[PDB]
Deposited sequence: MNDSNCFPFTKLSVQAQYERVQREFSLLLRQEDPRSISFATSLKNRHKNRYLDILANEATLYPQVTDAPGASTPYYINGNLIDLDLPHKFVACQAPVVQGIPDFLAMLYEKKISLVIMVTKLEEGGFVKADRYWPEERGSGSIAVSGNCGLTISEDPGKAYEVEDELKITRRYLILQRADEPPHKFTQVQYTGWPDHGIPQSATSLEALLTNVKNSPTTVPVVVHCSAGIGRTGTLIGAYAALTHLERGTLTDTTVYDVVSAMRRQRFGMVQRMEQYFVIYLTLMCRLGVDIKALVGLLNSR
């Protein structure tokens, strides 16, 4: 009981139309002229996309503080057990900043929801050692970091889920090493929907089993699209699990994410995916809806 989710009572057509209507209303609320993007704007050399900027008020890691590095990213806090860092895939010259952040902040879990390249276009740049390599790569920037494959825990590849788990060790000279897990999900291309519901659930299982003492880092390419869906689904499902799901939960959750990082949930079908994950958790068939989106 306690959960109220009347979305499952609507016909397929009404469900599709309500999602479109809500997403348009969210875009309708966009007003970035009034928002400060000061720090993000002077660091365009490290922005993957010129007009995808991080809000100053929630800029990470600057709001936990001189932070000598820049990631185009924001702290997402929805009054839940986990906070998140939603950020872009760092560009090559921004990778040392990204790794330094992971290291200084002791980040335990990084979730990457894109391939490096999709459809003939670059989405992200590699920041982990390749399997076929020596097991370690280094950055020269920010006084140097080395990132290595964990010698006592090999990379895991889950073919059906399209998930790869990399257990990594970040180190600076004469400082203690820091272990972290990167999880890459390559089965959900930009402009599409996840190939299977199970993969997103597996990602959220990682989130839940990770420590609440540090935020979980999540990125796609610009860090507002698939990244926003993942964080939104987590939030929405937490409400479900604690009996506080309401008819407005998805809209409310996305609205609150948007206040903390402009443009969160970038595409209509990405907003739709949050409803789909709720339905799957509830055991409601999504096949006809998936059909309409394809």
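Comparing the deposited sequence with the modelled residues shows gaps at 1-2, 68-71, 301-302, with numbering starting at 1.
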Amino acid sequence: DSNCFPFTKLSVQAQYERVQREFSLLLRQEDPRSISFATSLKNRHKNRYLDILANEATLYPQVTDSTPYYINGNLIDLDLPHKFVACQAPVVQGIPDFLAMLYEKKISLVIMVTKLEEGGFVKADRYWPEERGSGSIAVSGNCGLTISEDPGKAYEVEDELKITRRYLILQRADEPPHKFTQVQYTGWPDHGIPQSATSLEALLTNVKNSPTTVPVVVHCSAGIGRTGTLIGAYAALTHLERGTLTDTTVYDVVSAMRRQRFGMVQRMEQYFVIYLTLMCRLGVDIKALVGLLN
From here on, numbers count along this sequence of modelled residues.
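Note on 243-251 vs 265-273: mean CA B-factor is higher in 243-251.
With 184-192 and 200-208 compared on mean CA B-factor from the PDB entry, the stretch scoring higher is 200-208. When the C-alpha B-factors of 258, 48, 28, 226 are read from the PDB record, the largest value belongs to 28. The entry assigns its greatest Cα B factor, within the set 78, 87, 124, 138, to 78. Sort the modelled residues of the chain by CA B factor and residue 150 lands in the middle third. Sort the chain's modelled residues by C-alpha temperature factor and residue 164 lands in the lowest third, per the entry.
In the deposited entry, the Cα temperature factor of residue 119 sits in the bottom third of values across the chain's modelled residues. For residue 216, the recorded CA temperature factor ranks within the middle third of the chain's modelled residues. Annotation for residue 107: C-alpha temperature factor in the middle third relative to the rest of the modelled chain, per the entry.
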